[PDB]
Amino acid sequence: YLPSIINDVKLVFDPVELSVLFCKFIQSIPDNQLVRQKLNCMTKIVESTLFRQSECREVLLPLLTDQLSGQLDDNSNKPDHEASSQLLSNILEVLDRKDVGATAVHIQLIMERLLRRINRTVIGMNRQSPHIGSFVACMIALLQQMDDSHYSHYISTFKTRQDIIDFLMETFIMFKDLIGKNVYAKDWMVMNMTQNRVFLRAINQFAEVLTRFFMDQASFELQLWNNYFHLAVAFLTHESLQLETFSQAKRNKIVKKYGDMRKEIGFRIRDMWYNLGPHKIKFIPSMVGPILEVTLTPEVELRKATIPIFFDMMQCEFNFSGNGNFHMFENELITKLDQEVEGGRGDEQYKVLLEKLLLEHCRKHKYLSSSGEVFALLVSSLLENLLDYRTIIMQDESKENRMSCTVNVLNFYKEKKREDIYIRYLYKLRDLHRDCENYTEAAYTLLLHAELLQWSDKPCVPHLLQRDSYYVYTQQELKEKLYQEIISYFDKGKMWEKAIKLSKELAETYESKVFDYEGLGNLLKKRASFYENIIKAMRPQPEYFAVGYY
Amino acid sequence: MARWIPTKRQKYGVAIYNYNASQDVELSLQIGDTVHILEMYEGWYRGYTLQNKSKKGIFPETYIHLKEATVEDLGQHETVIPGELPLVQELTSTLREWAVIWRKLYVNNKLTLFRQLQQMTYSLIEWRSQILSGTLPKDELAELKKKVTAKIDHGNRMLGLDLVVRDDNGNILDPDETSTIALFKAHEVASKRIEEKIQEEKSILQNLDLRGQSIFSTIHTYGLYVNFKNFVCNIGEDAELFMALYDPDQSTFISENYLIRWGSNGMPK
Amino acid sequence: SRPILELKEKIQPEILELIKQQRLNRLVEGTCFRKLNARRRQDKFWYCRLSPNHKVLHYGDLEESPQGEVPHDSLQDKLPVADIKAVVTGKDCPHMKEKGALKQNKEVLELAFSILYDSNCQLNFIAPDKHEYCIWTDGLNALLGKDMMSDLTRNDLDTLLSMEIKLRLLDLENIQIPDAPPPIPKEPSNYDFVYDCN
């Protein structure tokens, strides 16, 4: 109730004397009494009598900051979470008010006494279920209200560079954990857009700080760009054309109110990458892939701006081509490109545009650009292959055509000899055939996989080390597992001749390389069963037809 | 045909009926074809239509229902009442999306929500018509604004659509990035309305007492209407009828006695 | 509403094709249809699923499935959509005229429909009620490429046409459509647009 008096008391009393008297009252409270109550009290303070600020704001706040900073981390912040959120929200709300009074300098004071605090808080206040959204709203409001001058004033000019580096990396990984795992119900489109705009602002500011204190200027400790581009791309990985399209105004509404944020995201990242300069090569292979998907964005303009970066990075290798060429780059390019395209992302115009830009760039340049030209022709062939594959897949929805086209791409990769993706679609086909219960064909495909292996011990490449389970798996052991599986398939495939055939080499391997006679016994048991099956029962013959397509 | 002049005082390019297709860029221009004309001829107007915002159409001045007004009705003072017209345009766009989802619905077995959509659609369109005129009192304006906002937000809900804020004055002020925290408060209030309506779907669409409780908690004064029809009593003399509210448990009356004079002829005196 | 009615029924076909496409969807999702005289351990319920391509019908003596259509190769996965003479409805079904063991009672007079194929084979089936009977006949006639025969179909036509048109008269609000259309102002013969095109 004491705050209830403050209005008319000020109406008949000094402003600042009132301010200091209430401050003295409050600070006199022992540190462990009625904390929520004092928070409500200071709220009932701030919402009023702060419409005028010049004489009180600067003196009222310091105490308020003291309480909230004690509320930062005392291991007992659990009850006052929502109350502190209320305090922070209301004070920032009042601050953003225009008529109330100039506060940009006071904004700076709040920034300096609040920013690391609240960031640390929401870092610790990390669970999605609680009223996290309130804190997030508070801090994004803070970001919106601040200024680039503010941003760079002290937060960019901290103590030892190590501390500011830690702060920056914490902030970046946090933004990643926010964009990923969004905090709202996905219906608060206004909120998401506002959050995106303020995050644009913040990440821009932290881009200039990276440039001005972490270029070759900081000749060392130049890793964080990995996190930075990761965060940027993840932010660049939503809010796309179709979502913009649902209502015809949706494109229009968003663009008029926000524009294509993705456009400036892409251009900022493009110029930043250009700014990397000499560090580009030390930075290419990890982030090759992270560029395709943004290049794969369904727009036109930033795509036009973005494919040229591919020539830029192959050229960066061309500088580094003293040891070989961009083979490491293009391998990753092929692989990634495969995953995203088969994910159902690209377009034909995309492939045309890629060919145009890369050819144009390579004309100006040397022999290695001719190699890039022929490999771009290769890439275009790959792209058209995948596009035909996907259009048939989502067009016909008949497993037959699916198998046909996946065999086509399998043969294409075998022609291109890129073995790993070949294995990937081989396993895809195995899944398909099992779905069809075509045990024999699944067995054959899985055999083609197994055929690549050897009875040696050293696992030569992790390419054969697939995604099903990933640990040592000596080629010997994996080959054993595959042979067991194929034997089972043939067994239920009712084709025991091949079963016995493979059983023979498997027994050979057991008895001459691993000497596990238990395996011998089980395998021979199965082989005897096979011979019994051959001799005893009978099997129908499948009719064979000729099909002439014309 | 010649002499076209760029202007933005012809936003409301309004037809009369299905236009003739005499122009290579004109067709049976539908009744509801508001067209963003870019160029003025004295007798003709050519520019973007609502149906195609990338194609022109030369449409007669006599056929055009000329309206110098633009999307903003305060610069030229076109509002029948300021602060209400934004609501009608937004609800018209809402009706457009209702039509789209409508096409999307019959093809599916969602006929229950489809029919409830029909009835909310009737309610919304009749409210649209009745608020086209500013004849209603200001309290009526506020009440319509509130209830139609609730209805449209609900419609966005079960259709899985985004939300809006700024209950009054066209629902646009807060989405004008005026603040951030108050925006969060508005969004949270919108979610409050949403949770109200999701819990009350099963409360009104099924039950009829929870709505009464919610309505009667908001007000305090009530009046019981009694409409006497005829008195049947074998008296033969003049009768006085003292009907009033009574508390049998408390053995006392609740309302003051209302007196009726009844004649001896079977009819009230 | 004379200009209104002219403009309304004159732009008809969109609702028509939408209705028929929905009917095709309904046939595709289908249901477990009803046979003739499936009393003694004969599966009265059995699905007849139209191809997503809408060229073949997956149907046959399927089991008593209360969930309805099951996706697999039915007893016969073909019904030749290219040669069906017609479907007989009501008394025209010979099995209604059956006076022996397959006497379909007078309570299935409106539930009788038989597909005419092979010029000698018929598919004498029953509907669970009138509305889906008319719906299936609608879908078949859509395959036949002719008009619809559901009262609910006319209901849908009128209601949705009214909805669409009622949405269109918003631009002409407070304005009227002269039932005699306004005279066309004369267009100058020259096409020399002084200002640029587009």
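Rule-based calculations on the coordinates, nothing more; no lab input. Every residue, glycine as well, gets a Cβ built from its backbone with ideal geometry; the counts of neighbours run over all protein chains shown.
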Relative to the first principal axis of the alpha-carbon coordinates of chain A, what is the inclination of helix A:419-436, with its axis defined by its Cα atoms, in degrees from 0 to 90 and to the nearest 10? 80
How large is the charge dipole for segment A:366-502, taken about the Cα centre, if only the Cβ atoms of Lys, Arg (+1) and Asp, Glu (-1) carry charge, to the nearest 20 debye? 260
Could you tell me the relative contact order of chain B? Use alpha-carbon pairs under 8 Å, at least six residues apart, and round to a whole percent. 9
Cβ-based exposure ranking for B:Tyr225, A:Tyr483, in which fewest neighbours within 10 Å come first: B:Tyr225, A:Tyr483
For chain B, one quarter of the surface area of the C-alpha convex hull, expressed in nm², comes to 25.5
As straight-line cross-link partners of A:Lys536, the qualifying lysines (C-alpha separation under 25 Å, not fewer than 8 residues apart within one chain) are A:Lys492, A:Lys494, A:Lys498, A:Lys501, A:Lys504, A:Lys525, A:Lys526
Charges on Cβ only, +1 for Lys and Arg, -1 for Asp and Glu, centred on the Cα centroid of the protein assembly as shown; of A:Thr445, B:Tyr12, B:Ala150, which one is farthest towards the dipole's positive end? A:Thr445
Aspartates and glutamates near C:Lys78 by alpha-carbon distance under 14 Å, same-chain residues fewer than 8 away left out - which ones? C:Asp61, C:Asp118
How many nm separate the modelled label positions at A:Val407 and A:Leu368, each set 7 Å beyond the Cα in the direction of the Cβ? 4.2
For A:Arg390, what is the net charge nearby, where nearby means another residue's Cβ is under 10 Å from its Cβ and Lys, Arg count +1, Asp, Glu -1? -1
Determine the distance separating the Cα centre of segment C:76-137 from the Cα centre of segment A:64-108; give it in Å without decimals. 77
Over the alpha carbons of segment A:347-503, what is the largest minus smallest coordinate on each principal axis, giving the biggest first in Å? 61, 42, 24
Relative exposure of C:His54, A:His449, A:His327, judged by other C-beta atoms within 10 Å (fewest first): A:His327, C:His54, A:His449
Scaled to the compact-protein estimate 2.2 N^0.38 Å, what is the alpha-carbon radius of gyration of segment C:30-146, rounded to two decimal places? 1.01
Name the residue from C:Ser119, C:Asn53, C:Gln76 whose Cα lies farthest towards the positive end of the charge dipole of segment C:30-146, charges +1 on Cβ of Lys and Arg and -1 on Cβ of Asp and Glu. C:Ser119
Which residues make up the longest stretch of chain A that has no trypsin sites (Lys or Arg not before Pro) in a DSSP loop with at most 15 other Cβ atoms within 10 Å? A:187-365
Cα-Cα separations in chain A greater than 40 Å, expressed as whole percent: 48
When chain B is modelled as a GNM with alpha-carbon springs shorter than 10 Å, which of B:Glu201, B:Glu90, B:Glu26 fluctuates the most? B:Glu26
Likely footprinting exposure, A:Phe412, B:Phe242, A:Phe135, A:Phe51, fewest C-beta neighbours within 10 Å first: B:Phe242, A:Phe51, A:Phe412, A:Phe135
Which cross-chain or sequence-distant (5 or more) residues have an amide H under 5 Å from the amide H of B:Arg46, H modelled 1.01 Å from N in plane? B:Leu38, B:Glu39, B:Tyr41, B:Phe59
Applying the Karplus parametrisation 6.51 cos²θ - 1.76 cosθ + 1.60 with θ = phi - 60° to the phi angles of segment A:16-32, what ³J(HN,Hα) value in whole Hz is obtained for each residue in order, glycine and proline being reported as x? 6, 5, 4, 4, 5, 5, 5, 4, 4, 3, 6, 4, 5, 5, x, 5, 9
Classify segment A:255-298 as rounded, prolate or oblate from the Cα gyration tensor: take a ≥ b ≥ c as the square roots of its eigenvalues, call it rounded if a/c is under 1.5, otherwise prolate when a/b beats b/c and oblate if not. oblate
Computed about the Cα centre, the charge dipole of chain B from +1 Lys/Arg and -1 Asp/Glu charges at the Cβ has a magnitude in debye, to the nearest 20, of 1040
Treating the beta-carbon of each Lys and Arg as +1 and of each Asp and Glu as -1, no other charges, what is the dipole magnitude of segment C:30-146 about its Cα centre, to the nearest 20 debye? 460
Can you tell me the relative contact order of segment A:430-550? Whole percent, Cα pairs under 8 Å, sequence separation 6 or more. 20
Using θ = phi - 60° and the Karplus relation 6.51 cos²θ - 1.76 cosθ + 1.60, list the HN-Hα couplings for segment A:482-498 in order, rounded to whole Hz, with x at every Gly or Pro. 4, 5, 4, 4, 5, 4, 4, 4, 4, 4, 6, x, 6, 10, 7, 5, 4
Scoring segment C:30-146 by relative contact order with C-alpha pairs under 8 Å, at least six apart, yields a percentage of 21
Once the in-chain neighbours fewer than 8 apart are removed, the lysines whose Cα is under 16 Å from B:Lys67 read B:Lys8, B:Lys11
Select from C:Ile19, C:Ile135, C:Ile175 the residue whose mean-square fluctuation is largest in a Gaussian network model of chain C (Cα-Cα springs shorter than 10 Å). C:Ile175
Take the cross-link list A:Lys399/A:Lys481; C:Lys44/C:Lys97; A:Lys479/A:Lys513; B:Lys110/C:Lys130 and give me the ones stretching past 22 Å between alpha-carbons. A:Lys399/A:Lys481
What is the distance in Å between the Cα centres of segment A:192-227 and segment C:22-62? 63
Counting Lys and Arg as +1 and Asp and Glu as -1, what is the net charge of the other residues whose Cβ lies under 15 Å from the Cβ of A:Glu317? 0
Among A:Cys436, A:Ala202, B:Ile219 the positive-end extreme of the charge dipole of the protein assembly as shown (Cβ point charges): A:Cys436
How many percent of Cα pairs in the protein assembly as shown exceed 49 Å? 52
Would you calculate, for chain B, the mean residue ellipticity at 222 nm contributed by helices, counting each DSSP H stretch of 4 or more residues as -39,500 (n - 2.57) and dividing by all residues, to the nearest 500? -12500 deg cm²/dmol
Note down the net charge around C:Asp43, summing +1 for each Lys or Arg and -1 for each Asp or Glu among other residues with Cβ under 12 Å from its Cβ. +3
Filter the GluC sites (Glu not before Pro) in segment A:418-467 down to the DSSP loop ones having no more than 11 other Cβ atoms within 10 Å, then list what survives. A:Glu437
